[PDB]
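Participant: model this:
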Amino acid sequence: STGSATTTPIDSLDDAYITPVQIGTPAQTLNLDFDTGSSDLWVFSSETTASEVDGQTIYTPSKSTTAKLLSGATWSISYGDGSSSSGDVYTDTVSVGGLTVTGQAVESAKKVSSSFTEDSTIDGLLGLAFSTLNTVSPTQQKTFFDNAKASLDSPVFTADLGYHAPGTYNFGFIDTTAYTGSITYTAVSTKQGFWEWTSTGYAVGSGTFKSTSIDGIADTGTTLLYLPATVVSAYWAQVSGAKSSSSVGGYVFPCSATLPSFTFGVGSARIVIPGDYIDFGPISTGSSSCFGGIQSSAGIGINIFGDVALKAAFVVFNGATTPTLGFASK
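Facilitator: Numbers count the residues shown, from 1 in each chain. What follows is the structure:
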C-alpha cells in the first residue's frame, strides 16, 4: 500500500503545516500537524475541557462505530516549547491520503495548554518519530507509520514541505518526480527516539563551506532551524543590523535587509536554504524588526533541522531495520 496527502501552511509565515487525517467510521476529518519530532497521535476531542477548545475540529469517539476505549491507558506530553497536552486513549481506524491503519491509538485530549487552544488551525498532532517516545502508559503505543510499515510497498515516508505553498507527505514510496538530482542518504541514530543525524557542515551565502559535524534532528514539528551559537553568529554577522535580542528571544534583523542563503551539508551533498526562507516577519504587527529563521540551539540541548531547513529539501524518512535519512534538492 501507499498513501499521499497534501500538507498546507497554517499561516503566511509557514509557522506549521496541517494535513487532513480521517479518523473513525464514518470518517471524522481533522487537520493534524505531522511531527517527526514526537511519537503521539493526539487530537482535540469531545473530551477536551470546553474552555480549552476555540475553533478546532474535534474527534467524538462516541460517533465512531470503530472506536474502542483502550482501557486504563493515559497519555501526557510536553513539547520543547513548553506546551503540553494529556488525556485518555481510544483505538480507531485512521487514514492518511488513502493509507488506512486499523487499531491505531488515537490519544484524546482532556487538557491542552494555552498555545494549542489559541491555534484554531491545528486539531492535533500525528507523531512520526520512533515509537519508543510514545507517552501512552502503561502500554506504550505505536505511531501511525510503525503500524502502517509492514503494509507499505517500501518502509518509508517522505516530507516535501512548501515555501509559502502546500507540499506533500507520501507513505510507502519515493516520488522520483518530486526532486532534482539524486537523494543523498545519511546515517540515523535512534538512541534518543528521534531522526537524529549528523550534518557535514555549512556555508553562509556565497561563502566557503565549513566542514564540521553538526548532530541534530529532522523535526517537521519545529518551525525554525536551531544550530550551535557559533554557526548562528556567523550567519547573522552577514546581515547588517542583525542582533540577538534577549527581550525578543533570539536574533532579529531589520525588515529592510536582504538575507543571505544558508547551506547545510548532507554527506558530500549540499542543501541551500534561500535567504527568503529565513525571514519570519515583524516581531509584532507594524514593527520594522523582523524575526530570524535561524536561531541558537544553545538553550535546547540539541540542534534542530526544523521546517526552515526541511522545506528546502525533499526528505526521505527511511524506516528500514536500520533507519536512514535522505535529502535531495527540489
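Participant: what number of residues lie near residue 55?
Facilitator: Using other C-beta atoms under 10 Å, residue 55 has 11 other residues around it. C-beta coordinates here come from the backbone N, C-alpha and C atoms, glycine included.
Participant: That one in helix, strand or coil?
Facilitator: Assigned with DSSP: H, G, I helix; E, B strand; the rest coil, residue 55 falls in the coil class.
Participant: For residue 44, see how far away it is.
Facilitator: Distance, residue 55 to residue 44, by C-beta to C-beta, to the nearest Å: 10 Å.
Participant: go on, residue 165?
Facilitator: Taking C-beta to C-beta, one finds residue 165 at 26 Å from residue 44.
Participant: Name the residue in these two with the higher neighbour count.
Facilitator: residue 44 (27 against 10).
Participant: Scan the protein for its longest helix.
Facilitator: Counting by DSSP state H, the longest helix found in the chain is helix 229-236.
Participant: Just the buried positions in it, please.
Facilitator: Using 16 or more other C-beta atoms under 10 Å as the test for burial, helix 229-236 gives 231-232, 234-236.
Participant: Tabulate those residues (CSV), appending distance to residue 207.
Facilitator: Output for the buried residues of helix 229-236, formatted as CSV (distance: C-beta to C-beta, whole Å):
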residue, distance to residue 207
231, 12
232, 15
234, 8
235, 10
236, 13
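Participant: hmm, which two among those residues are most spread apart?
Facilitator: 231 and 236 (10.0 Å; C-beta to C-beta).
Participant: next one: phi and psi at the residue most central in space within the chain?
Facilitator: Among the residues of the chain, the one closest to the centroid is residue 220, at 1.8 Å (C-alpha atoms, centre = their mean). Dihedral pair for residue 220: phi -70, psi -20, per degrees, to the nearest 10.
Participant: Hmm, residue 127 and it touching each other?
Facilitator: No: the criterion here is C-beta atoms under 8 Å, and residue 220 misses it with residue 127 at 10.2 Å.
Participant: Now do the shared contacts for those two.
Facilitator: 35-37 (C-beta atoms under 8 Å, 6 or more residues apart in numbering).
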